[PDB]
Structures are given as structure tokens and as C-alpha cells.
């Protein structure tokens, strides 16, 4: 599979910090046909970022609407994203499920709208600490994946992201071995629900804590095909995380 490394800048950035960061990113020489590198800036920063980043870099937005064009103040439709040639969208990030009541139904409808408008989707999911200590990690993940997996028609255009909530921002850390076990189970879900070819084709990214010191140990795992990097993607050192996948 083609590795995929993404920068989720979340809600961070200034016109000037973006100029400096994008310049640093542009200095990295990589072949976009061998590895996908996607930058996800804040909506109002998209134009600025797309222009500053060299073409080898792909771009996208951090959220998209399940409603199409219409009376939906504050939303960005997949139709609008398509008209702007925004290539990727992130769906179901745990922060939107946590702070903005995003549900599995929302995730499903957002993925459908995205695919219908030729957008590629980075779909996130993951179990909570309570669910993990209750031994329902796979039960939870299966339900979350099955809420939308049947919508995937082209397995190069949808990228899955496992987010180990118990090890994100908690000080706790998930081992590469623990990550791998979950990633292998996720691929099996795709295999049983969709097919073996489809399962072996789809990219499953690790969306937990990723930095320059652990990226190599993670990307090395058989079922981890890249990362959805958070705050670490706001540092120039993000280029070293990208290099671990080259």
C-alpha cells in the first residue's frame, strides 16, 4: 500500500506562522507518487496554505457538512469543497465527536456526501478509556467502522484512522504493539465486511501520539500505513515524521 502522512493543524496558525512552516515543509524532497502527504489547515487558512505549499503536497479541510448546499449557516458543503478542488476532508475526528456531538450517523452521512462529490475522506474512530478497560475495544471499533464502511466504493479514496483516546493528551502512551493489534483487527473488519482485496488496499493510519522518536517504530508495523499527526505537525520537525514513511 501507498503510505499516507497527514498534518492536522487543528485550530492553530497565523498567516506568518503558516508562511514559515510551509517554507520548511517545501524544503523536503519527496515523491508524491510514492507517498501521500496531506496538510489540513483551518478553513479560512486553506487558500493561503494551498498557495504556499508546493504541488507535491496535497491539502484538505478538517470537517465537511452532511447537508448539501442550502440554509446551513456556518457549514461547508462537499459541493463547495469540490468546486474549490479541495482534495481531502477529515470526518469523525474524536474532537468533533467530543466537543460537537458528532455521531456515527453524522459520520456516515458526511462520508456519503463527500464520496458523491469526489472528495477523498480520512475517517476517524477509536474507543474511549472506559470502553477499553471494559474490554470492548474491538466491539466499539467494529460498530464505528460498520457505520460507514459499506459506503466505500474505491478503497484508495477512503483512509481509516485509529485514534486510541486513552493515550491521547492523557500522558498515557499506546505502544506500537498495542497499535498494531488494533490495526490488524480493523483490517479484518474491512476484509469480512467488504473483501480481502479491499482490505489489503485500504490505508489505515495511526492517529494517536506521533513524534520524531516513535514514528519509525509505528510505521514499521504491518498494518499501520501512515499517520494523522496533530500538534507535532505544527513543528518544522514534522518533515522527519514524513521521512519515516519514505
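Numbering follows the first chain given and starts at 1.
Relative to one another, 168 to 176 and 115 to 123 have unequal mean CA B-factors, and 168 to 176 is the one with the higher figure.
The stretch 137 to 145 shows the higher mean C-alpha B-factor when 106 to 114 is compared against 137 to 145 in the entry. Highest CA B-factor among 64, 44, 39, 210, as stated in the entry: 210.
Split the chain's modelled residues into thirds by C-alpha temperature factor. Residue 242 is in the middle one. In the PDB entry, residue 75 places in the lowest third of its chain by CA B-factor. Ranked by Cα temperature factor within the chain, residue 151 sits in the highest third according to the deposited record. Sort the modelled residues of the chain by CA B factor and residue 28 lands in the highest third.
Ranked by Cα temperature factor within the chain, residue 223 sits in the middle third according to the deposited record.
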